[PDB]
Each structure stands twice: as C-alpha cells, then as structure tokens.
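Every residue, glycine as well, gets a Cβ built from its backbone with ideal geometry; the counts of neighbours run over all protein chains shown. Nothing in this text is a laboratory measurement; each read-out follows from the coordinates by a stated rule.
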Amino acid sequence: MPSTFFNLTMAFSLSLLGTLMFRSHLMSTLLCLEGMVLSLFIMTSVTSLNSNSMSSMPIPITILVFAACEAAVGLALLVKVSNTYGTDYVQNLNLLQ
Amino acid sequence: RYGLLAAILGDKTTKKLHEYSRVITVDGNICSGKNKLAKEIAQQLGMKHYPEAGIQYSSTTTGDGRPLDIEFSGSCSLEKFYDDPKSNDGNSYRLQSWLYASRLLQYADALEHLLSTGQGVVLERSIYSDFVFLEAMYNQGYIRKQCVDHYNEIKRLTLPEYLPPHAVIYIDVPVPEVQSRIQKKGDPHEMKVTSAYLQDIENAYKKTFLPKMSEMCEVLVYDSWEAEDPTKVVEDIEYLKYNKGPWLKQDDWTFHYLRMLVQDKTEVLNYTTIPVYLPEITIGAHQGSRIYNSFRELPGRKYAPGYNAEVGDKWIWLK
Amino acid sequence: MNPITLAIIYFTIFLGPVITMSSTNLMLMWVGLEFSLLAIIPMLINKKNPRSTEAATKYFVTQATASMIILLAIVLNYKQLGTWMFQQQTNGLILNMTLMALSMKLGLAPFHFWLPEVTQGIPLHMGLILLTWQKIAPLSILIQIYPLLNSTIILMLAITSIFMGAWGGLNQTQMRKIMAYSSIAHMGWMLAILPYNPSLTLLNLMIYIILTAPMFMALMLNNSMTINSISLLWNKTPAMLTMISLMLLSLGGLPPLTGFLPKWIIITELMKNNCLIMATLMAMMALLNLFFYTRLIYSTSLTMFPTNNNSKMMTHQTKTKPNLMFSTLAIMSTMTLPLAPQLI
Amino acid sequence: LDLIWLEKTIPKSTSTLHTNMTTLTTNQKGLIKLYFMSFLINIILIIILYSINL
Amino acid sequence: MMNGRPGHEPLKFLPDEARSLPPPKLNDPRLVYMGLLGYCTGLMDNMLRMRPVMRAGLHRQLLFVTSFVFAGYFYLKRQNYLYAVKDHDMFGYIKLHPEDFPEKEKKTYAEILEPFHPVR
Amino acid sequence: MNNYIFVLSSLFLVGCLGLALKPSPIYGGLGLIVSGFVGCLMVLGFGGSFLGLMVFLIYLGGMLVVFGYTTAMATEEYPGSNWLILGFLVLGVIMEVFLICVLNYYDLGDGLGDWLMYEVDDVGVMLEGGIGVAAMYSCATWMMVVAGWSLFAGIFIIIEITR
Amino acid sequence: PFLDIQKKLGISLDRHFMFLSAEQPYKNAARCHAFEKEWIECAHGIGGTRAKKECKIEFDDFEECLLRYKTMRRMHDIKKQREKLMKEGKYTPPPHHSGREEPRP
Amino acid sequence: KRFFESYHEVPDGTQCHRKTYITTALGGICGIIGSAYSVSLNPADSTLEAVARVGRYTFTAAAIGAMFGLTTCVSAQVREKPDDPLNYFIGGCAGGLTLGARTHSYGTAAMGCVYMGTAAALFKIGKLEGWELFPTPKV
Ligand SMILES: CCCCCCCCCCCCCCCCCC(=O)OC[C@H](COP(=O)(O)OCCN)OC(=O)CCCCCCCCCCCCCCCCC
Ligand SMILES: Nc1ncnc2c1ncn2[C@@H]1O[C@H](COP(=O)(O)OP(=O)(O)O)[C@@H](O)[C@H]1O
C-alpha cells in the first residue's frame, strides 16, 4: 500500500500535468480531469479499506457522485462551445483577452 | 411595477393574447396617406394606433406631455433637414438619431401595451424601417460614411432584443406621384425635396426592407389603390396567418423578461447613448450641462413623478 | 429562467457557501465548494453570448482542477491521520496544496488570470456574486485552517496579488475588469493577515463587500462597462456622482473614509508581528491602486466628459431607481470610520 | 535643474517605471493554455519554496 | 483569537454575562453618530431617487434614523462586551502567569544617566 | 503474486500517462476505461467487492461511456499521430521505471509484501464494504442528502446550460 | 467551524464521523481505535499549541499504528540480514519455512 | 540550500569568489524563472526563438548577479570596511548598469542604478539590523 499509494498519487500528478498543459481539443482536458477523480476515488477507497474505516466509505462514493455532475456541467459547456464555434479547440476561446 | 412576484402570481401575457393582438406596422414613402390606413386598421380591431414618432414624442410620452423646447428635445429640425441638406452642424443626422430613439421609445411603449393589456399594435413606420431614410441620406451627400456606421451600431445593439413586427404593410405610391402629393400639402419644407432622394427612400425599402422582413414577418404589399380602402387591407390582415417568425417561441416565462425591459424606458434606449463620440451626436459638456441644468428645472421635472409640488403633487412628506 | 430553476440554482449558489462554512468534516467543506461551482456556471451563461461561453468554460476548468487539488489534500490527510480534517501534525506540503488550490478558487496572485477574464464576460450582476459571495466560501476554509498554514507562502501570494492587481488595473479601461483587478488586490490584503489575525481577514472582507456591492450596483444603474460610459454619469443620474467619488477613493486607502481602517489595522497587526518589510511594500503599491481609482474619478466626477444628444432622451424618461441597499451600503461604507474601534 | 532634471528624475521617472511595468504584465494573449502553464510554473516554484525551506 | 475561550457561546450574539456590564447610554456619542449616519443614508436615498431631499419620505427618514440607532445599542452592547472579555482574559493571565509579567522598578532620574546630546 | 497490486498500480500510471499525453479524444477514453478496469481490480484486491464493482459500474460504463459518446457527437473531429504519442508513451513506460528505479535501489521494496489487507478478522461477519457505504441511511445520512441535491439540481443546471 | 450552526442547533450531521475511532458500523472497530482515543482524550481541553509537544507520545505511536513504517524498517532490515546470511548459508530457512512443525488449530 | 546561505556566513568583502558565484547563481535562477513566465505567457514563435530568450534572460540575470557580487565584495575589499550599506549600493549600482547595458539603454541604467542599488543596500542594512522578512506569527 505505501508503495502503491505512491503510484496513484503520481497518477494524479501526471493527470495534474495533463490538465495544466492543454493541447487543442478540450474534451481531452475534461477527460483528463476525470482521470484525477478516478485516482482520488481509488486512493480514498484503498486507505479506507486498509484502515477498516467503514464509517468513511460513504465518501469514496460521494466523491464520484459530485464528480459526475461536475463533469456533466463541464460537457454541457463543451457542447455549448462546439455549437458556437463547432470545432472545440481551446484555441478559439480568446475573445475575452 | 411588474416583477417576478407578479409573474409568479398570475399576470401572464400568454393568457392576455388574442388573434387581433399583433404588432402591425405600415410603412411607406414620405407621403403614403399611411396615417389614415393605420387609424383605419386600428379602428377595425380596436388596435391602439400609435402615431408616427416625433421630435417631442418622448416629451408627450413623459410627465406633463406639453411639447418640449427644441434644444430640450435634442435640437432636431425635420424643417431644417430639408432647407439645409448636408448642413455644417449636421441637424439632419441629429434629427435621424433622435427619430430612432423616439421610435425605440414608441416600439417599447407599444410592446408594453401589447403584453400588459393584450390589445394589438399599429405604429406606422418602425425602427426596422427607419434605416431607409439613412440609406437614402448616405446615397446622397446628407450623411457621411461613419455617421452611417454609428446608426448601424446603435441599431445592431438595441433592435435585436425587441421581437419583430408580426406583419408589415407596404403602402407604395410611385416616386413622381408622392412629390405631387407633397406639392399640394401646404408646408414648404416638405416641398423641393430631391426626387432622387425620394427615389433612394422607396428603392431602399424595395431592395432591403420588404425582402428582409419577408421572412421575419408577414409583409403585405399594397398599391395605392388597395390603399384608401382600409376595409380591404384590414380584411387581408385578418386573412394572413401569423405563423412564420420569431414570435412563435415566446413562452410566458420568456415574455416576462421582455416585458420587464420595455417596462424600463431607461434601458430601452440604454445603448442609444453609447459613448461613441461622432461630432454631430456630441452634446458637449458646457452646453449639455446648461441644457440638463435647464431641462431638469422645468416644473414637475425637478423631482421624480409624484414628488414635484409645482404641478400640484401632494403627500410628498410621506411618500 | 423557469422561476423554479432560478430557485434551485440560487439555493445551490447559496447552500454552497453555507455548507462550507457550517461543516467541520472537510469532505462536507469540499462539496460545499463543489456545489458553488455547479450553481454559478448556469447563471454565468444567461445571455449565452459568444463571450459568455468562453467565460464559463474558463471559470469551470479553473474551478474544477482547484476543486480536485483540494480533494487530494483531504484524501492525503486521511492517510496521514485517520481524521477527515487538517490537524497540528498535518504534513506541510498537505497544507500548502490547500493554499494554492484555495488561492486559485479565490483567484489570488499567480492564479489571477481567470478572474479578470470571467469578470469581463459576465453580466454586472453575476459579476458581483462571482466576486463577493463566492469568496466567502473558500476564505472560510482558509480562516478555519489558519493556525496551520505557512506564513511565507501567504505573504508571497499576498504581495504578488497586490502588485498584479494594481498593475493590471492601471491599464484596464473596462470597468468590469477594473473591479476584477481591485478584488485581486483586496483579496491579497485579506490573505496577508490570515496567518496572524484571522479576525481581521473577516473585516477586510466585509468592508470590501460593503464597498464593492454599492460600486457595482452603481456601474449597472447606468449599466456602463466603460469609463467613458460611467463618465456621462453626470447627465444620466447626477446624484450618484458624489458617492461614486467617495466609494472608489474608499476602495483605495485614503484616510478620512471607511476604507483606511482595513489597511490601517492590517498594517498595525503586521507591525505588531514584525513584518515591517512586507507591510511597507504592500502599503506603497496599495497607493498605485488609488491612482487608477482617481483617474476614474477624474473622468466621472471632477471633469465632465462630453455626452451624445440622445442622452437628453434618457433623462426625459423616469430613471428606474437604485435599490435602497445602495444608500445603506454606500454610507455605512463611505463613512463609518468614526466608529472603527467597535468594528475591529 | 527645475522643469527637466527635477521633473524627469523624481516625478516623471516614477511615472514611466510603472507605465512600462503595466505594459508587460497586462499584454496577455488571453489564450487559456498560456495562462494555465503559468499556473504550472507556480505550483513548481511553491513546491520548491517548501522543499528548500523544508 | 478570543474564540476557543472556555464557555464560548457557539452561535450567540451577546452572552448573558454581558449583563454585568453597564448598558450603553442611548445618547452615547456613537449611537448618536449612527443616528446621523442614518439620517444621511435617508437623505442620500432621496437624492439618488430624485425626490425633494429633506421634505420627502419623512416616514423613511424616521425608519432610517431609528433603524441605525436601534442597531447601534444592540451592537455596541456587544462590542462593549467583547472588549470587556478581553480585559478579563488579559488581566487574568498577567496574574496566573505572574513571573512573566514582573513588576519593574524604575530608578528615579537622579540615579539613571541618559546621555546629553548638545544642540549648539 | 505478491506484487499483485504494484503491477496493477504501474498499469494505472501507464493509463494516466496515456490520458496525460492527451491522445485523440476517444483513443484515450479507452485509456481511461483501461485504468478504470485496473483501479476496479485493485480495490477488489483489498476486499472492497462492492466499492470496487461500483466503479466498474458507474465510472467505467456510465461516466466514461457517456464521455466518448459525446466525443462522437462533437470533439471527435479526429482531424500528431497518436503513434507519435505511443512512441512517447513508450518512453514514459520506462521513464517511470527510472523514477521508481532510484527509489528501487534506495528501498519498502522487493515487490509487495504484507502491505495490503493489514488487519482482517479471522472470524466474524458483517465485515464487508457496502455495510459502510450503507451508512448513508444510518449515522451518515447527510452525505446522502447533499449527493441528492447534486444530482437533483444537476438536472436543473444541465438543462439551463443546454438551453 | 466558521459558522457553528451545528452546535447551536444541536444537530450533529458532520461530527459523528471524523475520526477512525468514531462509531463504526456494527461496532467493527477500525485499526488504531485504541491509539486515536488515547491521542484525543489527551488533547481535550489542551489546545493545539499544547497538543503538539506534550501529547507527542500518543501521536508518535498513532503515527506508527497507521503508517506502520518503523515496523517496516525493522522487518525490512531483518529481511536483508536473512538474505546475506542465507546466501553464505549462515542462516537456514527455519523449521517454519520448512513447513510442518505441527501447524495447529 | 546550505550553499546559498554560505554567502552570508563568511564576512563580507572576503572570499569574493564564493560571493560572486553564489550571486551569479541566484540571478541565473531568477533568469530561468523569469524566462519561463516570459515564455509561458507571451509565447515565442519558434522553439529556438524561445530557447534564445531563456538564454538572454538567464545570462542578463546571471550578469547582474555577478557584478553585484563582484562589485560589493571588491568595494568592501578595497575600502576595507566590511559592514557598510555603501558597499552594497555600489554593487547594486553596478548590477543595474549591467542590466542597462544588456537592454542597451542609458536611461534604464539610471533607474536601474538607483533603484537596484538602493534595494541591495537595504539588504545589507537588513542583515546588519537583523530585520526579519516573512516572519512567523508571534503576535
Ligand atoms: C473628511 C472630509 C472628507 C471630504 C469632505 C468634502 C468632500 C465631499 C465629497 C465630494 C465628492 C464629489 C466632488 C465633486 C462633486 C460634484 C457634484 C456636482 O457635480 O453637482 C451635481 C450633484 C448632484 O446634483 P443634484 O443634487 O441632483 O442637483 C443639482 C443638479 N445639477 O450635486 C451634489 O452632489 C450635491 C451634494 C454633494 C454632496 C454634499 C457634500 C458636502 C460636503 C461634505 C463635507 C463633509 C465634511 C466632514 C468633516 C468631518 C470632520 C471630522
Ligand atoms: N428617419 C427620418 N428622417 C427624416 N425624415 C423622416 C424620418 N422619419 C420620418 N420622417 C418624416 O416624416 C414625414 C412623413 O410623415 P407623413 O406621411 O406626413 O405623416 P402622416 O402619416 O401623418 O401623413 C416625411 O416628410 C419625413 O421627412
């Protein structure tokens, strides 16, 4: 676990570097964003499971339920963007300059 | 005043609308005997017939309703428009910009009556049709190119928010016959107007206004003969089917917001005062301060409606 | 908006900060932050103009990644202490994450790029909520954890914000963005004293709220997003010219007005704690903020800019009034200074 | 010494120093990628600020 | 700071302990200020809404001068308590931990010899 | 084996590295669906049958599938050859090995020993996840209510955005 | 916390489950339930500033009931030793390693 | 980090080599960071162009670092007075001048000299008077 807990944490940082280094399509980002929620969900579930802390298992799921809607909002913004530009490239989102 | 409270508790425009309830504008050249048709159609369906927008239409709209002094009403003369075209001071553009603001107020007042009372609206020429005068003015030397851009910018900023005319009527009489119509009506300023300028006005309608609106609304073209026969024209309006157009999507919860806009005149023309400094439009601080510091001192205008004692308002100490 | 939806959203935008503040289980603090993120995005795109979709898509990505980083801090703590909440023992890196993350949601310092841009594409109204009822939530989380955060980082984010906010503001001419920039700056002072005296953060916030809320309802009374637009205030509504003048100078720290107290007591508390290096530099560039505030003063009040002829038309029509809140929040803000001792 | 040298040094210079500093800090593409990276840099430096002062 | 104190009332405005303190005199300059602060709010409102400044809303003027003042007595009543707690807390500590706050003897100037810098 | 988890952990990082090189929107979805499979497996390793399967049931086919779905609808313009990315990805595949290697020589270590299932009752029942997740209805009924509002106001948030 | 609407209202929607020693379902105590107790009944009435120096024995222990790392170092060291000796045959897989030795109920 | 600190440990004016090396590094480090922000935002046109800018900023910063270190150390050596804000000011004075040159502007050298030197001098005073920066809360 201590060893593994590292891999998951770096997974979250590799997913962190991903969402903080965009490239073209946004759907990639949102997708990456989700990679973190999976890593957080896995780590929360793992420690809760090896701490036998059953009172906390509610959280691993609350994390997913909130993350799913969060993503729902994210995709509706994405659909809104490729309806106004139709290409979903982080590239054209610069009117606000 | 109308608010979401009122909307939540009844007061929905949808239940106040009926077949005769539409925004109908009749547009023509400088002289199409348009006035009669409108009042006639108005008389037919009880439609509130709004008069053609005027320099002091806003003053008649606000407070006492007595006509304001010219400088208080923006110093615009249609009279000077004609006798001095391409004037150094640009009274013609200032006249046009005030006219657009006046119809913006008239159209908004019309929409407020339509959504509240539910009585349909006849307003003669509309904001949508106003452009023909400017197109003709730029076609000749009356207005310069930027002047045109400034009007277009105001039009693009304010006109889209308001819903389109349900149907538009076109009382057309040829370039020559309107000038003879002009010749016998008495004012001399209307007389001696350029035949080519009148040519450009009706041409601008035929080239741009009728086709454009031909999808946004039910355009009903009528020749002079069909005109002067309000009965027949009225009949045809009652005949057209109000289907094609953006009005179809106006659900009650959508109308509410539009109502609250027209309900606020200060917003209707918010973009009419945009700080674009073209020289004709600019008040100028010293002249503008004097004109404001003078318009604001007129009786009943110093304070808000209901609070100025000069005109006989009372109960101010508890309002 | 179907009034029902308006209620659900507004309730969430309001249940969002309130859950954060009330709960102690950090998790419940995170979802309070999550709701706020979900509730604000619908309102941001109400006009649905092309600028708006850009605004929300930025606000959302910036907010979302920060939310995920805050959750990671809670997840890590859970393994360094079984507790679901930061404690004396917490690994320092665990807390620093929370500072960076929360400083992104609040938009302080080197993460100050999203706010000016989202403040530019949202309406004036939703601008206020995005600036002041969305700062309460994250700040609550920080104020709760103050005993444990780092004095060094906060100070750096504090000073940076002050500078970025000031410098950014000098060039801007769009009002929405001038305010966005001011908020970055004031937010900076607030986070400077958090490690030392949290109670003053809550003063430097309220005063900012009692100053900004009147200032924005002023900008929208005439819905002017341009200084040129606010400059013709003298014709559209002359009375607000007097208080707009004092509130903006109050937003900057000039001494007779209420705005001095937050800066004065923050400086007094920092000198009490010996940061006479940091406090001095902050106060100095704080003076840069007043320069752009007074430049606006010049255009709107001290000098009368020329107006268009159609302005006479808008005068004629009765001006829809400014809510009462403007007054009560303009006076309590422009002049309460004589009552400072009880405020602190 | 009055006018130019005592106005270019104290009053005007401070005018310029800032003016130029705002020009560089506020000339931003507006693109999200650029801005975000800067968030990356920040995380890196703060990670270090903690690391070296461990 | 003062939170976390023993007995802290978790959400109360002014704990009854504040009864022991004297009540704020209604004419306390501060409450009177709040009054004027209020009257001005009222007058300002009238102005922004374009009404006769002083002769209008004479009912509102009262609501204002009387809302602000009402607020004051009950706020000052508290802020007064908070400050009073601060002493209870401060003075107590000075004693409970006496050695740290020791009484000092100040030598009469006769004894002390501050150096004299001459102006000349 | 004993390195039952490590290996998997390593695969999870590989999938995250794939999502991080931001491959084509749907080619990487697969990537998530892969590491989600992987994370599903690890949790099962520790006895979280329910919590585990849950992920395989909701994030895997519910969230992710909907994700690509939308990719197809938009942002699957499918206009850098992912093969270039695979090339880099391969680099990381072993580049991570480098990161681990330093600590590998430094060495816990030697695969994975008893660094899982620390303590389990050698007798007894009711010890099983899903008993904990079902505290949403006894002694943890506030997480349940707030999740409700998320999804509930989610409906209203989405439509409002869509409209 | 920032606004204690919970203590005031007396409700406890967020406090019952913040630590590993809180009520676990079906009274299945978690690992360390012993320590955390000993480390929070200690730091009760003593503020943090003084829950961080004198109540350090109970956290240093609870930091090793849950991380359980000092153990690793012990065991890992033991492991290596065996390895070296065994390679030179200095040490032989114990009877335990040989299995049998009477595995009993 | 034990490194940078060394700069302070040995009395000023002594062991200039170490001083200059340390000062040069700090400037260079700042150069990298500064270039990074300068490249992340306001990006370049080609990778090479940006690599150049990193170099330009790094060297310029490294230079200001060196001359500051060298001038201050030597000024102290030649002047024989180790503790004096003036040493540093001369150093900061020089540092600014290097910046001015790299930017090819006499004017910048002006502001650079005054502003930069003053700052460095204050650092000396700060160390001499034991001023505390980013202090822990001790209320
Ligand atoms: C501590 C002292 C702080 C400084 C105090 C003195 C400065 C007060 C702040 C002034 C800031 C604005 C300066 C420029 C104002 C321009 C006003 C103007 O252009 O005139 C129009 C304006 C509104 O007009 P309206 O009232 O509708 O009717 C006239 C229509 N032309 O006409 C008006 O606005 C009329 C009302 C103006 C406000 C009156 C304020 C009077 C002065 C207040 C002094 C307070 C002194 C306190 C001393 C405390 C000592 C402890
Ligand atoms: N935008 C405009 N610019 C200039 N003149 C305008 C404009 N709009 C209306 N007019 C004036 O309105 C007049 C036509 O109105 P008229 O037909 O006489 O009213 P009625 O409908 O009562 O007969 C024209 O002479 C024309 O000058």
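Taken residue by residue, segment B:98-109 has no member that is more than 14 Å from B:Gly141 (Cα to Cα), more than 13 Å from ligand 2 (Cβ to nearest atom) and among the polar types (S, T, N, Q).
Just to be sure, is C:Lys79 out of contact with any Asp or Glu (no Cβ under 8 Å at 6 or more places or on another chain) and more than 29 Å from G:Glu36 (Cβ to Cβ)? Against the criterion (out of contact with any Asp or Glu (no Cβ under 8 Å at 6 or more places or on another chain) and more than 29 Å from G:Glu36 (Cβ to Cβ)), C:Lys79 does not qualify. Can you name the residue in segment C:162-220 that is touching a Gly at 6+ places or on another chain (Cβ under 7 Å) and not hydrophobic (A, V, I, L, M, F, W, C) and, of all such residues, is surrounded by the fewest Cβ atoms within 10 Å (Cβ to Cβ)? Checking each candidate, the answer is C:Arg176.
Against the test of being of a type in the set (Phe, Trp, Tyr) and either closer than 30 Å to B:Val175 by Cβ or in contact with a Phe, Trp or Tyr (Cβ under 9 Å, 6 or more places away or on another chain) (or both), the options B:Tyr239, B:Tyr257 yield a single qualifying residue, B:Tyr239. Within segment H:81-126, being surrounded by 14 or more Cβ atoms within 10 Å (Cβ to Cβ) and basic (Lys, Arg) holds for H:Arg102, H:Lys124.
Is one or more of the residues making up segment B:78-85 within 11 Å of ligand 2 (Cβ to nearest atom) and surrounded by 22 or more Cβ atoms within 10 Å (Cβ to Cβ)? Checking segment B:78-85: at least one residue is within 11 Å of ligand 2 (Cβ to nearest atom) and surrounded by 22 or more Cβ atoms within 10 Å (Cβ to Cβ).
Taken together, E:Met50, E:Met54 contain a single residue that is within 16 Å of ligand 1 (Cβ to nearest atom), exposed (fewer than 15 other Cβ atoms within 10 Å of the Cβ) and in a loop (DSSP other than H, G, I, E, B), which is E:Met54. Residues being closer than 29 Å to G:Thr49 by Cα and more than 14 Å from chain G (Cβ to nearest Cβ) are entirely absent from segment C:39-47.
Would it be correct to say that C:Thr20 is over 24 Å from A:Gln91 (Cα atoms), more than 10 Å from chain F (Cβ to nearest Cβ) and either part of a loop (DSSP other than H, G, I, E, B) or touching a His at 6+ places or on another chain (Cβ under 9 Å) (or both)? So C:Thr20 does not fit the description; no.
Residue-wise test of (1) in a loop (DSSP other than H, G, I, E, B); (2) among the β-branched types (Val, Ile, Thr).
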| residue | (1), (2) |
| --- | --- |
| C:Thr65 | no, yes |
| C:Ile74 | no, yes |
| C:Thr83 | yes, yes |
| C:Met100 | no, no |
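The combined condition, being more than 7 Å from every other protein chain (Cβ to nearest Cβ), surrounded by fewer than 16 Cβ atoms within 10 Å (Cβ to Cβ) and within 27 Å of F:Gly129 (Cα to Cα), is not fulfilled by G:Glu54. You will find that of D:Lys29, D:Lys33, the residue that is part of a loop (DSSP other than H, G, I, E, B) and either of a type in the set (A, V, I, L, M, F, W, C) or at the interface with chain A (Cβ under 10 Å from one of its Cβ atoms) (or both) is D:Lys29 and no other. Scanning segment D:4-54 for residues that are loosely packed, with under 12 Cβ neighbours inside 10 Å and among the aromatic types (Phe, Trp, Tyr) yields a single hit, D:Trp5.
Put simply, of B:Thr266, B:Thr254 the only residue that is more than 16 Å from ligand 2 (Cβ to nearest atom), within 9 Å of chain C (Cβ to nearest Cβ) and not in a loop (DSSP other than H, G, I, E, B) is B:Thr266.
Name the single residue that is nearest to the chain's Cα centre (by Cα) among those in segment G:59-100 being within 11 Å of chain C (Cβ to nearest Cβ) and in a helix (DSSP H, G or I). Here the residue is G:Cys65.
Segment C:176-272 holds helices (runs of 4 or more DSSP H) entirely within its bounds, and those carrying 3 or more residues that are away from chain B (no Cβ under 14 Å) and more than 16 Å from ligand 2 (Cβ to nearest atom) map to C:198-221, C:239-251, C:260-272.
Among the residues of segment C:209-216, are any near ligand 1 (Cβ under 10 Å from one of its atoms) and farther than 14 Å from B:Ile274 by Cα? No, segment C:209-216 contains no residue that is near ligand 1 (Cβ under 10 Å from one of its atoms) and farther than 14 Å from B:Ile274 by Cα. Cβ-Cβ contacts under 7 Å between residues 6 or more apart (or on different chains), taken from a first residue in segment F:68-80 that is over 16 Å from A:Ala76 (Cβ atoms) to a second residue that is part of a loop (DSSP other than H, G, I, E, B), are listed as F:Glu77/A:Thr87; F:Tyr78/F:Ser24. Picking from residues in segment C:235-246 that are more than 17 Å from E:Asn46 (Cα to Cα) and surrounded by fewer than 22 Cβ atoms within 10 Å (Cβ to Cβ), the one that is farthest from ligand 1 (Cβ to nearest atom) is C:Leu246.
Taken over segment B:270-294, residues that are more than 16 Å from ligand 2 (Cβ to nearest atom) and either closer than 30 Å to B:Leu114 by Cβ or of a type in the set (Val, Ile, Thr) (or both) amount to 8. Taken over segment F:137-155, the residue count meeting the criterion of being within 7 Å of chain A (Cβ to nearest Cβ), farther than 30 Å from C:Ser52 by Cβ and in a helix (DSSP H, G or I) is 1. Residues of segment E:46-100 that are charged (D, E, K, R) and away from chain C (no Cβ under 12 Å): E:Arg55, E:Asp87, E:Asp89, E:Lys95, E:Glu99, E:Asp100. B:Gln140 meets each of the listed conditions (1) crowded, with 17+ Cβ neighbours inside 10 Å; (2) within 13 Å of ligand 2 (Cβ to nearest atom) apart from (1). For B:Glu124, state whether it is in contact with a helix residue (DSSP H, G or I) (Cβ under 6 Å, 6 or more places away or on another chain) and within 14 Å of chain C (Cβ to nearest Cβ). It is false that B:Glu124 is in contact with a helix residue (DSSP H, G or I) (Cβ under 6 Å, 6 or more places away or on another chain) and within 14 Å of chain C (Cβ to nearest Cβ).
Conditions tested, residue by residue: (1) farther than 30 Å from G:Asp77 by Cβ; (2) loosely packed, with under 14 Cβ neighbours inside 10 Å; (3) more than 9 Å from chain A (Cβ to nearest Cβ).
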position: F:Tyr69; (1), (2), (3): yes, yes, yes
position: F:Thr75; (1), (2), (3): yes, no, no
position: F:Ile100; (1), (2), (3): no, no, no
position: F:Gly109; (1), (2), (3): no, no, no
position: F:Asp122; (1), (2), (3): no, yes, yes
position: F:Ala135; (1), (2), (3): yes, no, no
position: F:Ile157; (1), (2), (3): yes, no, no
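Residues in segment A:61-89 that are more than 7 Å from every other protein chain (Cβ to nearest Cβ) and of a type outside the set (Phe, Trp, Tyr): A:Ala67, A:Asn83, A:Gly86.
Considering only residues that are away from chain D (no Cβ under 11 Å) and over 20 Å from C:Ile159 (Cβ atoms), which ones fall in segment C:106-120? Within segment C:106-120, C:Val118, C:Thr119 meet the criteria. Look at (1) more than 9 Å from chain C (Cβ to nearest Cβ); (2) closer than 19 Å to B:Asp313 by Cα; (3) assigned to a helix (DSSP H, G or I); (4) of a type in the set (A, V, I, L, M, F, W, C) and you find that E:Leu31 fails only one, number (2).
As a summary of the residue check, C:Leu99 satisfies the conditions (1) within 14 Å of chain G (Cβ to nearest Cβ); (2) surrounded by fewer than 24 Cβ atoms within 10 Å (Cβ to Cβ); (3) of a type in the set (A, V, I, L, M) except for the one numbered (1).
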